[PDB]
Amino acid sequence: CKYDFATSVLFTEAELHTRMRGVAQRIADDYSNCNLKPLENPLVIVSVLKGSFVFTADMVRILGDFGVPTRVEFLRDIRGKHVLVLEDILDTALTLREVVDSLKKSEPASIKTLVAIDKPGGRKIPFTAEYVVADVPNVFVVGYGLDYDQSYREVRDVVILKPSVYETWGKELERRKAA
Amino acid sequence: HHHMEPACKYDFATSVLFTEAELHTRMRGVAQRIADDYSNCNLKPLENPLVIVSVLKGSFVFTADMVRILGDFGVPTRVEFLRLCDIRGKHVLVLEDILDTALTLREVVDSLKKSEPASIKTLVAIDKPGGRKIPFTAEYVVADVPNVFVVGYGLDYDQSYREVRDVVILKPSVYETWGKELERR
Ligand SMILES: Nc1nc(=O)c2ncn(CC(COCP(=O)(O)O)COCP(=O)(O)O)c2[nH]1
Ligand SMILES: Nc1nc(=O)c2ncn(CC(COCP(=O)(O)O)COCP(=O)(O)O)c2[nH]1
Ligand SMILES: [Mg+2]
Ligand SMILES: [Mg+2]
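Just so you know, the sequences run in chain order B and A.
Quick note, the first sequence lines up with residues 5 to 80, 103 to 205 if you use the deposited numbering.
Quick note, the second sequence lines up with residues -2 to 80, 101 to 202 if you use the deposited numbering.
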């Protein structure tokens, strides 16, 4: 494996970007009759969870390439506006269920969701994102904005950490606790 | 002789000042200096990362690109947004998309110093050195621009254009027209 701290790379940055371009084409098609324009009527991107800044930064630029202008708001007026909620990972769906339900109360013209990583096996309630870049199984991943204990968000790929990473850090946490 | 001037890429811009490629080239140069400068600190994921404090809403683009480049150069980070975890005894690098009057960074740095970080430095994507209202020098600057209003690379005009990949001069046409519309509202 490329990374000394990982056992597996699941998706490279290049694979993610290729899938993101395919999703951007669909979004450009789906919103083509919405008359989106900078200033007068951008697509409102609502980015949810701290780590989603990486995905949001790459995705709004790719959407711009495909002719979909955006404004961004972070959750870490939309009445009559088109809203696309972005999140780095969708797992239990408890976050997005709450965010979507709250945004609906402001009566946007439409609301859809776009997630970089779906763990469809992780649900605690039923929830389907309109747009999914990639799926993973029920494993804990880091990278592409996703962290372990606030570290590793900067890893360019989505990866599975080595067990020794959690073990060393637990032990150091114990150590610092006693001292 | 007759000079030929090609038209600008973007219908809303007068001039592209820095392309995404130029920005990333300069960010790699800066990342090498940062790696050299923090090589004496024994930084590590989890036990001792560099705390990146990202300031202002539009700085998410710069921050996303910069933490990944720093990772390539072996500088592990953790990111915090001001648009705060304990920083006492930690190295802090404050990131900001643009530095102009310096009033934001002066306040942010002074506040953070109260928590006694191990060190504090600043890294900015665009410095407008002629815009100062107080003296201020960033430790690390990706690019300088003259006193003109730019958008792109996370910088907005009234919340639009952050997604433009290049840093560009916004056409006066755009904000004169839109400004009167906002007045009308
Ligand atoms: N780093 C990381 N990797 C995972 O595989 C993973 N699976 C769940 N989570 C925690 C969180 C994701 O935390 C993401 P962040 O650090 O705040 O970007 C799941 O929240 C989505 P949901 O369960 O409400 O739908 C994960 N965090
Ligand atoms: N979009 C944009 N372009 C500029 O040229 C420019 N020059 C100043 N500003 C406004 C703000 C930058 O606003 C950045 P953002 O939309 O919140 O990412 C200057 O703040 C830095 P300082 O004056 O405290 O040092 C600008 N905003
Ligand atoms: Mg997390
Ligand atoms: Mg602004």
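Where a beta carbon is used, it is the ideal one built from N, C-alpha and C, also for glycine.
For chain A, find out if any of its Cβ atoms is closer than 8 Å to the Cβ of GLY106 of chain B; answer yes or no.
In the first sequence, the residue the question calls residue 106 of chain B occupies position 80. No, because no Cβ of chain A sits closer than 8 Å to the Cβ of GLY106 of chain B.
Within this structure, are the beta carbons of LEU140 of chain A and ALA155 of chain A separated by less than 8 Å?
Numbered from its first residue, the second sequence carries residue 140 of chain A at position 123. Numbered from its first residue, the second sequence carries residue 155 of chain A at position 138. A contact, by the Cβ cut-off of 8 Å.
For ligand 3, which residues count as neighbours when the test is a C-beta closer than 7 Å to any heavy atom?
B:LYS54, B:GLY55, B:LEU172 and B:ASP173
Any beta carbon from chain A within less than 8 Å of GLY68 of chain B's own beta carbon?
Locating residue 68 of chain B in the first sequence gives position 64, where the first residue counts as 1. Yes, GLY68 of chain B counts as interfacial toward chain A.
Cβ closer than 8 Å: which chain B residues qualify as neighbours of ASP175 of chain A?
Locating residue 175 of chain A in the second sequence gives position 158, where the first residue counts as 1. Near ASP175 of chain A (Cβ distances below 8 Å), the residues of chain B are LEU43.
Is there at least one non-hydrogen atom of ligand 1 closer than 7 Å to the beta-carbon of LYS145 of chain B?
Translated into the one-based positions of the first sequence, residue 145 of chain B becomes position 119. True, at least one ligand heavy atom lies under 7 Å from that Cβ.
Nearest by alpha-carbon distance to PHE70 of chain A: which of A:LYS107, A:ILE31 and A:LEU101 is it?
Position 73 of the second sequence, counted from the first residue, corresponds to residue 70 of chain A. Nearest option by C-alpha distance: A:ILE31.
At which residues does the alpha helix (DSSP H) containing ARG30 of chain A begin and terminate?
Here residue 30 of chain A refers to the residue found at position 33 when the second sequence is read from its first residue. Looking at the DSSP string, the run of the alpha helix (DSSP H) that includes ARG30 of chain A is 17 to 35.
Cβ of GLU180 of chain B less than 8 Å from any chain A Cβ?
The residue given as residue 180 of chain B occupies position 154 in the first sequence. Closer than 8 Å: yes.
Can you pull the chain B neighbours of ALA10 of chain A, defined as C-beta to C-beta under 8 Å?
Here residue 10 of chain A refers to the residue found at position 13 of the second sequence. None at all; the shortest Cβ gap to chain B is about 11 Å.
Does the stretch 159 to 167 of chain A come within contact of the stretch 182 to 199 of chain A, defined as at least 3 CB pairs closer than 8 Å?
yes
Figure out for me which residue from A:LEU116, A:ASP117 and A:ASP62 has the closest Cα to the Cα of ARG179 of chain B.
If you number the first sequence from 1, residue 179 of chain B lands on position 153. Considering only alpha carbons, the answer is A:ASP62.
Any contact between the stretch 107 to 114 of chain A and the stretch 49 to 60 of chain A? By contact I mean 3 or more CB pairs, one from each, below 8 Å.
yes
If you run the structure through DSSP and keep just helix, strand and coil, what is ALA135 of chain B?
Mapped onto the first sequence, residue 135 of chain B falls at position 109. Looking at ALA135 of chain B - three-state DSSP - the assignment turns out to be coil, as it is neither helix nor strand.
Hey, how far is the Cα of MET24 of chain A from the Cα of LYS197 of chain B?
On the second sequence, residue 24 of chain A is found 27 positions in, with the first residue counted as 1. On the first sequence, residue 197 of chain B is found 171 positions in, with the first residue counted as 1. Their Cα atoms are separated by approximately 36 Å.
Please say whether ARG105 of chain B and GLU133 of chain B have beta carbons closer to each other than 8 Å?
As a first step, residue 133 of chain B must be located in the first sequence, where it is residue number 107. As a first step, residue 105 of chain B must be located in the first sequence, where it is residue number 79. Closer than 8 Å, so yes.
Within 8 Å of any Cβ in chain A, is that where the Cβ of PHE15 of chain B sits?
Residue numbering aside, residue 15 of chain B sits at position 11 when the first sequence is read from its first letter. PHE15 of chain B does not count as touching chain A.
Collapsed DSSP secondary structure at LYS150 of chain A in the structure displayed
What you label residue 150 of chain A is simply residue 133 of the second sequence in a count that begins at 1. The answer is coil: DSSP assigns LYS150 of chain A none of H, G, I, E or B.
Other residues of its chain near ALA135 of chain A: CB distance less than 7 Å, five sequence neighbours each side excluded
Here residue 135 of chain A refers to the residue found at position 118 when the second sequence is read from its first residue. Excluding positions up to five away in sequence, the list reads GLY106, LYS107 and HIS108.
Going by the C-beta, is residue 205 of chain A closer than 7 Å to any heavy atom of ligand 2?
Only positions -2 to 202 of chain A appear in the structure, and residue 205 of chain A is not among them; the question remains open.
Can you say whether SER128 of chain A is buried or exposed, counting buried as having 16 or more other CB atoms within 10 angstroms of its CB?
Position 111 of the second sequence holds residue 128 of chain A. Counting Cβ neighbours within 10 Å, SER128 of chain A comes out exposed, since fewer than 16 surround it.
Taking its Cβ as the centre, do 16 or more other Cβ atoms sit within 10 Å of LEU40 of chain A, making it buried, or is it exposed?
Residue mapping note: residue 40 of chain A aligns to position 43 of the second sequence, counting from 1. Per the 10 Å Cβ criterion, buried.
Does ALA32 of chain B have its Cβ less than 8 Å from a Cβ in chain A?
Counting from 1 along the first sequence, the entry for residue 32 of chain B is found at position 28. No, its Cβ sits nowhere closer than 8 Å to a Cβ of chain A.
Report the three-state DSSP secondary structure of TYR192 of chain A (helix, strand or coil).
The residue you call residue 192 of chain A lines up with position 175 of the second sequence. Correct three-state label for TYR192 of chain A: helix.
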